[PDB]
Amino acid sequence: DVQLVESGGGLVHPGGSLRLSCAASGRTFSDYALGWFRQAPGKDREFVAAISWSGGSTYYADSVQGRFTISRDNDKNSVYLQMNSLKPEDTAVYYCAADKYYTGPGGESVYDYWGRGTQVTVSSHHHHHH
């Protein structure tokens, strides 16, 4: 019956940073491995990052590795996704997911629990010089 809620989405200029959080209900949070997934406008959802029960093991999607960092704080029942040097291609609704039994890269369909999603828009001022 674990409930997940993401926060932190917003409109950011390219090169900008953004920090997302995903908080879980109850106090059995350490029993869950978590992941971040994202859905770009009208596309299939893709893997972003994953973190094990103890933050010991982490995985990143190839398009985000090095720019993004996933972390966890058991005292705040939360996982975070720190995004640096954002690109227009990072525009998506970001979702967090939880599972008591599996951790690793990908495995979207494996996760048992899902958040609501938080929107991340990476946009310039749309100024065109011709």
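Numbering starts at 1 and runs along the sequence shown.
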Averaging the C-alpha temperature factors as deposited, the higher value of 87 to 95 versus 27 to 35 falls on 27 to 35
Averaging the C-alpha temperature factors as deposited, the higher value of 49 to 57 versus 78 to 86 falls on 49 to 57
Binned into thirds over the chain's modelled residues, the C-alpha B-factor of residue 66 lands in the lowest
Assert third(CA B-factor, residue 10) within chain per record equals middle
